[PDB]
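Below are the chains, spelled out letter by letter.
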There are 2 protein chains.
Amino acid sequence: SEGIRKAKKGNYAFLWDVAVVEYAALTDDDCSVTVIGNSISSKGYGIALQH
Amino acid sequence: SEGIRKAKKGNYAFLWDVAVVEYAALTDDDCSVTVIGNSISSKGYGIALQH
């Protein structure tokens, strides 16, 4: 939440999930941001369960 | 095993696994290798166990 406006106001590139940044681009009332892609497909994300 | 030097000595944009190319251009010694990038998240490989 601080990284919303501090990246808006201040040259701060952030370290986070891209899909969140996709939605943060989806929320800003002006198209006023920039993202750069990432491709690391050897490691994945699964969903935990009962052992 | 067929279209090997036809991609290197002919107009054939041959199409296979990138890691196989990291073996094949390693077998190549003539510096006639060029390739572009690709990000495909859906498919891949991990060793099967017993059921």
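Residues numbered from 1 in each chain as written, not as in the entry; some residues may be left out. Chains lettered and ligands numbered in written order. Part of a larger assembly, values for the part shown. Heavy atoms only, no water.

This entry lists cryo-EM as its structure determination method and reports a resolution of 8.1 Å.

Per the PDB entry, chain A goes by the name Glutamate receptor ionotropic, delta-1 and belongs to Rattus norvegicus. Within the Protein Data Bank, this record goes by the title "Rat GluD1 receptor(compact conformation) in complex with 7-CKA and Calcium ions".

**Structural notes on the environment of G3(B)**
Let me state the cut-off plainly: Helix and strand labels come from DSSP, where a helix needs a run of H or I of at least four residues and a strand needs a run of E of at least two; each type is numbered from the N terminus.
Among the secondary structure elements, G3(B) is positioned in the segment before α1 (18-27). Here the alpha-carbon distance between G3(B) and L15(B), two residues twelve residues apart in the chain, equals 9.3 Å.

**Remarks on the environment of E2(B)**
Residues and elements named next belong to chain B. Filter applied, for reference: Buried, partly exposed and exposed residues are distinguished by accessible area as a fraction of the type maximum, computed with a 1.4 Å probe on protein chains only: under 20%, between the cut-offs, and over 50%, respectively.
Along the chain, the position of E2 falls in the segment before α1. The exposure class of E2 is exposed, given its relative accessible area of 74%. The sequence separation of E2 and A19 amounts to 17 residues, and the corresponding C-alpha distance is 18 Å.

**Some words on the packing of aromatic side chains**
The description of an aromatic ring pair rests on the distance of the ring centres and on the angle between the ring planes. Let me state the cut-off plainly: Pairing of aromatic side chains requires ring centres within 6.5 Å, counting the rings of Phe and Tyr and the six-membered ring of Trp. Pairs whose planes differ by under 30 degrees are stacked, by over 60 edge-to-face, and all others tilted. Counted as over-ring charges are cases with an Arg CZ or a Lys NZ within 6 Å of the ring centre that also lie within 35 degrees of the ring normal.
Per the counting criterion, the structure on display carries zero aromatic pairs over all chains. The aromatic ring of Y12(A) is capped on one face by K6(A), whose charged end is 4.7 Å from the ring centroid.

**Let's talk about the pattern of salt bridges**
All names here are of chain B. Selection rule: A pair is scored as a salt bridge if a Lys or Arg side-chain nitrogen falls within 4 Å of a carboxyl oxygen belonging to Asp or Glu.
For the coordinates displayed, the defined rule picks out one salt bridge over all chains. One salt bridge connects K9 with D30, and the closest N-O pair in it is separated by 3.4 Å. One end of the pair, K9, is in the segment before α1; the other, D30, is in the segment after α1, with 21 residues separating them in the sequence.

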